[PDB]
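What follows is work07.txt (compact mmCIF, C-alpha atoms).
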# COMPACT_ATOMS: atom_id res chain seq x y z
CA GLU A 70 -7.84 -7.40 -69.86
CA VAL A 71 -10.45 -8.79 -72.25
CA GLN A 72 -11.66 -12.38 -72.51
CA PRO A 73 -14.25 -14.24 -74.62
CA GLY A 74 -17.50 -12.56 -73.60
CA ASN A 75 -16.01 -10.74 -70.60
CA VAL A 76 -13.77 -7.75 -69.92
CA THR A 77 -12.23 -6.03 -66.92
CA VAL A 78 -10.38 -2.78 -66.26
CA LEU A 79 -8.07 -3.06 -63.25
CA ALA A 80 -8.07 0.68 -62.78
CA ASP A 81 -5.50 2.52 -60.72
CA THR A 82 -6.72 4.67 -57.84
CA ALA A 83 -4.05 7.38 -58.22
CA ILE A 84 -1.73 8.51 -60.99
CA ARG A 85 1.26 6.17 -61.20
CA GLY A 86 4.69 6.93 -62.58
CA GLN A 87 8.42 6.48 -62.21
CA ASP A 88 8.86 9.88 -60.54
CA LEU A 89 5.71 10.14 -58.41
CA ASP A 90 6.19 6.73 -56.81
CA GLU A 91 9.83 7.53 -56.11
CA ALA A 92 8.86 10.80 -54.44
CA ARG A 93 6.38 8.94 -52.25
CA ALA A 94 9.02 6.32 -51.40
CA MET A 95 11.50 9.11 -50.62
CA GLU A 96 9.08 10.66 -48.13
CA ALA A 97 8.30 7.23 -46.67
CA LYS A 98 12.04 6.71 -46.13
CA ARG A 99 12.64 10.18 -44.67
CA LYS A 100 9.79 9.73 -42.18
CA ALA A 101 11.56 6.57 -40.98
CA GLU A 102 15.11 7.94 -40.87
CA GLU A 103 13.71 10.67 -38.67
CA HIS A 104 11.23 9.66 -35.95
CA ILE A 105 8.37 11.86 -37.15
CA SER A 106 4.83 10.51 -36.82
CA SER A 107 1.38 11.89 -37.61
CA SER A 108 -1.94 11.99 -35.74
CA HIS A 109 -4.80 9.65 -36.56
CA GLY A 110 -8.07 11.38 -37.38
CA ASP A 111 -10.28 9.51 -34.88
CA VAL A 112 -11.51 12.44 -32.80
CA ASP A 113 -14.12 10.13 -31.27
CA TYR A 114 -11.48 7.78 -29.92
CA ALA A 115 -9.55 10.81 -28.68
CA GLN A 116 -12.56 12.15 -26.77
CA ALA A 117 -13.46 8.79 -25.24
CA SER A 118 -9.85 7.95 -24.39
CA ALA A 119 -9.20 11.24 -22.62
CA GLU A 120 -12.50 10.99 -20.74
CA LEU A 121 -11.69 7.46 -19.59
CA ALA A 122 -8.12 8.44 -18.69
CA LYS A 123 -9.37 11.27 -16.49
CA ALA A 124 -12.21 9.25 -14.97
CA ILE A 125 -9.97 6.30 -14.06
CA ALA A 126 -7.22 8.53 -12.67
CA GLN A 127 -6.40 8.68 -8.96
CA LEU A 128 -9.50 6.74 -7.90
CA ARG A 129 -7.88 4.64 -5.16
CA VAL A 130 -10.35 1.75 -5.43
CA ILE A 131 -7.94 -1.08 -4.68
CA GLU A 132 -6.81 -0.68 -1.07
CA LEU A 133 -10.23 0.88 -0.59
CA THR A 134 -12.03 -2.35 -1.28
CA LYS A 135 -10.00 -5.17 0.26
CA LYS A 136 -9.27 -6.99 -3.00
CA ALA A 137 -5.93 -8.80 -3.01
CA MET A 138 -5.26 -10.03 -6.58
CA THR B 225 8.84 -6.09 36.79
CA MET B 226 10.85 -9.29 36.36
CA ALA B 227 12.34 -7.94 33.15
CA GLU B 228 13.33 -4.80 35.07
CA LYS B 229 14.93 -6.81 37.87
CA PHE B 230 17.06 -8.71 35.38
CA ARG B 231 17.95 -5.39 33.75
CA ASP B 232 19.09 -3.78 37.00
CA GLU B 233 21.46 -6.67 37.74
CA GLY B 234 23.52 -5.42 34.78
CA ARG B 235 22.35 -8.17 32.42
CA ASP B 236 20.72 -7.80 29.02
CA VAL B 237 17.27 -9.32 28.66
CA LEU B 238 14.75 -10.45 26.07
CA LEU B 239 11.09 -9.62 26.73
CA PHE B 240 8.30 -11.19 24.68
CA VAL B 241 4.76 -9.88 25.23
CA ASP B 242 2.29 -12.02 23.33
CA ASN B 243 -0.53 -9.49 23.05
CA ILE B 244 -0.26 -6.01 24.54
CA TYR B 245 -3.67 -4.99 23.19
CA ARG B 246 -5.33 -7.15 25.84
CA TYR B 247 -3.75 -4.89 28.46
CA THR B 248 -5.70 -1.87 27.22
CA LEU B 249 -8.83 -3.90 26.50
CA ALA B 250 -8.99 -5.19 30.07
CA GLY B 251 -8.99 -1.55 31.13
CA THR B 252 -11.88 -0.63 28.87
CA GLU B 253 -14.04 -3.40 30.30
CA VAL B 254 -13.37 -1.98 33.76
CA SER B 255 -13.34 1.71 32.83
CA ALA B 256 -17.11 2.23 32.79
CA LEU B 257 -17.64 0.58 36.18
CA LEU B 258 -15.09 2.92 37.77
CA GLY B 259 -17.42 5.79 36.87
CA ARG B 260 -15.42 7.44 34.08
CA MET B 261 -17.19 9.08 31.09
CA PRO B 262 -16.41 7.19 27.88
CA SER B 263 -14.01 8.69 25.24
CA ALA B 264 -13.68 8.28 21.42
CA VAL B 265 -14.77 4.76 20.34
CA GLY B 266 -15.57 3.49 23.79
CA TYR B 267 -12.08 3.50 25.19
CA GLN B 268 -11.38 4.83 28.67
CA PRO B 269 -10.32 8.49 28.88
CA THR B 270 -6.88 7.44 30.15
CA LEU B 271 -6.00 5.19 27.19
CA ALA B 272 -2.79 6.98 26.21
CA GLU B 273 -1.60 7.38 29.80
CA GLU B 274 -2.46 3.79 30.70
CA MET B 275 -0.41 2.73 27.68
CA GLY B 276 2.52 5.10 28.19
CA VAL B 277 2.95 4.29 31.87
CA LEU B 278 3.73 0.71 30.82
CA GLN B 279 5.52 1.16 27.50
CA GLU B 280 7.90 3.76 28.93
CA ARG B 281 9.50 1.59 31.63
CA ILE B 282 10.34 -1.20 29.15
CA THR B 283 13.53 0.39 27.85
CA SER B 284 17.28 -0.08 27.87
CA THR B 285 19.42 1.91 30.30
CA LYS B 286 23.11 2.54 30.91
CA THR B 287 23.27 -0.44 33.30
CA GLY B 288 21.35 -2.95 31.17
CA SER B 289 19.25 -3.35 28.05
CA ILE B 290 15.89 -4.91 27.25
CA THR B 291 15.22 -6.10 23.70
CA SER B 292 11.49 -6.63 23.38
CA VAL B 293 9.02 -8.06 20.89
CA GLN B 294 5.35 -7.17 21.36
CA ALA B 295 2.38 -8.53 19.46
CA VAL B 296 -0.20 -5.79 18.89
CA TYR B 297 -3.68 -6.91 17.88
CA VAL B 298 -5.65 -4.42 15.76
CA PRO B 299 -9.45 -4.80 16.02
CA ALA B 300 -11.50 -5.27 12.86
CA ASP B 301 -8.28 -4.85 10.85
CA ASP B 302 -8.66 -1.09 11.42
CA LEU B 303 -5.15 0.37 11.73
CA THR B 304 -6.70 3.73 12.70
CA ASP B 305 -8.48 2.46 15.81
CA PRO B 306 -7.31 4.55 18.79
CA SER B 307 -5.31 1.73 20.38
CA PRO B 308 -3.01 0.79 17.47
CA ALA B 309 -2.78 4.47 16.55
CA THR B 310 -1.59 5.37 20.05
CA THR B 311 0.70 2.33 20.20
CA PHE B 312 2.55 3.11 16.96
CA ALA B 313 4.49 5.92 18.64
CA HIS B 314 6.11 3.75 21.32
CA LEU B 315 7.98 1.34 19.02
CA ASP B 316 11.27 1.48 17.13
CA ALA B 317 10.50 -1.18 14.51
CA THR B 318 6.89 -1.72 13.46
CA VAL B 319 6.10 -4.75 11.30
CA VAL B 320 2.55 -4.49 9.95
CA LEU B 321 0.87 -7.74 8.94
CA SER B 322 -2.15 -7.70 6.66
CA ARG B 323 -4.97 -10.10 5.82
CA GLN B 324 -4.91 -9.40 2.07
CA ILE B 325 -1.36 -10.72 1.75
CA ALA B 326 -2.08 -13.71 3.99
CA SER B 327 -5.05 -14.72 1.83
CA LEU B 328 -2.54 -15.09 -1.02
CA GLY B 329 -0.67 -17.71 1.01
CA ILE B 330 2.36 -15.40 1.16
CA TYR B 331 3.59 -16.01 4.68
CA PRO B 332 4.95 -14.16 6.56
CA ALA B 333 2.20 -11.74 5.56
CA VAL B 334 4.21 -8.56 6.14
CA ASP B 335 3.15 -5.44 4.28
CA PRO B 336 6.41 -3.82 3.06
CA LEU B 337 4.68 -0.52 2.23
CA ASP B 338 3.73 -0.12 5.90
CA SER B 339 6.56 -1.72 7.89
CA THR B 340 9.34 0.67 8.92
CA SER B 341 12.22 0.94 11.35
CA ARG B 342 14.20 3.61 13.16
Full structure transcribed into structure tokens:
Amino acid sequence: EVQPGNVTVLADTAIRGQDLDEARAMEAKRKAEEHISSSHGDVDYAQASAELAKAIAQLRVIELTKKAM
Amino acid sequence: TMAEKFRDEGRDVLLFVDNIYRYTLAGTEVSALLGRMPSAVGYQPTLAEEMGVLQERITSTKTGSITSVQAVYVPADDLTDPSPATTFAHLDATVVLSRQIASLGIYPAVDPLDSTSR
């Protein structure tokens, strides 16, 4: 899109097309008609979450300290 | 003894003892003066016999029955103190009250994860 004294290219980030977008939509539909889900790549969150899950496990603090809540 | 007399007449009786712990405590105070070496947390050596000789004659028989309710104080809220621990065995229904529940205003402050019945 070009203007008086200015111009812009609203570039696409991936190849677009009638067939490619329909293939992507077909996979997006299949993944929902099944119940198949992927794994996020946050290995840091995985490490910290498993460490905190194991550290917090089985520590019988409440009923050790007399805290009612 | 009066409960037993009413039992032997063939009747059925209710017996309410308002704090049985004070029966064992009054023994501890006296135990040392009688010249007996102290046991686990101070109690007399004869704690379990002093308790069983009483608890075992308060029972129903084929001539009459005694239904009894006993209050049982636990010192320092410690349910593992020798006296509550040795008293637990003599009861059919044990209702355990707790301070944590009472501080929530939830009366009667019974702990349902500790009360049980035969």
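Of note, atom CA of residue B:236 and atom CA of residue B:317 are spaced 18.9 Å apart.
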To one decimal place, how far is atom CA of residue A:135 from atom CA of residue A:120 in Å?
-> 26.6 Å
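Atom to atom, atom CA of residue B:287 and atom CA of residue B:233 stand 7.9 Å apart.
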Could you produce a table of the residues of chain A lying within 9 Å of chain B, with the nearest pair of atoms per residue and their separation in Å rounded to one decimal, using all atoms listed in the file, ordered by chain and increasing residue number, as a Markdown table?
| residue | atom | partner | partner_atom | distance |
| --- | --- | --- | --- | --- |
| A:135 | CA | B:324 | CA | 6.9 |
| A:136 | CA | B:324 | CA | 7.1 |
| A:137 | CA | B:324 | CA | 5.2 |
| A:138 | CA | B:328 | CA | 8.0 |
Any idea what's packed within 8 Å of residue A:79, counting all atoms listed in the file, ignoring anything in its chain fewer than 2 positions away? Could you give it as a PyMOL selection string?
-> chain A and resi 70+77+81
Name all residues at most 10 Å from residue B:271 (count only C-alpha atoms; drop same-chain ones fewer than 4 positions away) and give them as a PyMOL selection string.
-> chain B and resi 248-249+251-252+255+263+267+275-276+306-307+310
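Using all atoms listed in the file, the contacts of residue B:341 at a cut-off of 9 Å, with sequence neighbours closer than 3 positions omitted, comprise residues 315, 316, 317, 318 and 319 of chain B.
Restricting the calculation to only C-alpha atoms, the smallest distance between residue B:273 and any of B:303, B:240, B:311, B:258 is found for B:311.
Within 10 Å of residue B:230, once all atoms listed in the file are used and residues closer than 6 positions along the same chain are dropped, the contacting residues are residues 236, 237, 238, 288, 289 and 290 of chain B.
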Which is closest to residue B:269 among B:227, B:256, B:241, B:333, if we use only C-alpha atoms?
-> B:256
As a PDB file, in the coordinates of the input, the rebuilt stretch 326-339 of chain B with N, CA and C atoms:
ATOM      1  N   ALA B 326      -1.976 -12.355   3.459  1.00  0.00           N
ATOM      2  CA  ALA B 326      -2.080 -13.710   3.990  1.00  0.00           C
ATOM      3  C   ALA B 326      -3.045 -14.554   3.164  1.00  0.00           C
ATOM      4  N   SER B 327      -4.117 -13.952   2.645  1.00  0.00           N
ATOM      5  CA  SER B 327      -5.050 -14.720   1.830  1.00  0.00           C
ATOM      6  C   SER B 327      -4.417 -15.204   0.537  1.00  0.00           C
ATOM      7  N   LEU B 328      -3.298 -14.612   0.131  1.00  0.00           N
ATOM      8  CA  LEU B 328      -2.540 -15.090  -1.020  1.00  0.00           C
ATOM      9  C   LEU B 328      -1.593 -16.225  -0.658  1.00  0.00           C
ATOM     10  N   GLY B 329      -1.603 -16.685   0.590  1.00  0.00           N
ATOM     11  CA  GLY B 329      -0.670 -17.710   1.010  1.00  0.00           C
ATOM     12  C   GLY B 329       0.749 -17.241   1.186  1.00  0.00           C
ATOM     13  N   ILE B 330       0.991 -15.935   1.116  1.00  0.00           N
ATOM     14  CA  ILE B 330       2.360 -15.400   1.160  1.00  0.00           C
ATOM     15  C   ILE B 330       2.669 -15.140   2.634  1.00  0.00           C
ATOM     16  N   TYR B 331       3.111 -16.198   3.322  1.00  0.00           N
ATOM     17  CA  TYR B 331       3.590 -16.010   4.680  1.00  0.00           C
ATOM     18  C   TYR B 331       5.109 -15.837   4.698  1.00  0.00           C
ATOM     19  N   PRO B 332       5.659 -15.018   5.609  1.00  0.00           N
ATOM     20  CA  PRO B 332       4.950 -14.160   6.560  1.00  0.00           C
ATOM     21  C   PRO B 332       4.255 -13.007   5.868  1.00  0.00           C
ATOM     22  N   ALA B 333       3.022 -12.719   6.265  1.00  0.00           N
ATOM     23  CA  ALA B 333       2.200 -11.740   5.560  1.00  0.00           C
ATOM     24  C   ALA B 333       2.539 -10.310   5.948  1.00  0.00           C
ATOM     25  N   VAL B 334       3.810  -9.928   5.834  1.00  0.00           N
ATOM     26  CA  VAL B 334       4.210  -8.560   6.140  1.00  0.00           C
ATOM     27  C   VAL B 334       3.871  -7.653   4.977  1.00  0.00           C
ATOM     28  N   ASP B 335       3.387  -6.453   5.291  1.00  0.00           N
ATOM     29  CA  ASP B 335       3.150  -5.440   4.280  1.00  0.00           C
ATOM     30  C   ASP B 335       4.383  -4.551   4.191  1.00  0.00           C
ATOM     31  N   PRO B 336       5.170  -4.615   3.112  1.00  0.00           N
ATOM     32  CA  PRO B 336       6.410  -3.820   3.060  1.00  0.00           C
ATOM     33  C   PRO B 336       6.185  -2.340   2.841  1.00  0.00           C
ATOM     34  N   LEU B 337       5.005  -1.930   2.386  1.00  0.00           N
ATOM     35  CA  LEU B 337       4.680  -0.520   2.230  1.00  0.00           C
ATOM     36  C   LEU B 337       4.149   0.099   3.512  1.00  0.00           C
ATOM     37  N   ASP B 338       4.129  -0.656   4.609  1.00  0.00           N
ATOM     38  CA  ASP B 338       3.730  -0.120   5.900  1.00  0.00           C
ATOM     39  C   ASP B 338       4.705  -0.429   7.021  1.00  0.00           C
ATOM     40  N   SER B 339       5.536  -1.459   6.900  1.00  0.00           N
ATOM     41  CA  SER B 339       6.560  -1.720   7.890  1.00  0.00           C
ATOM     42  C   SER B 339       7.706  -0.717   7.748  1.00  0.00           C
TER      43      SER B 339
END
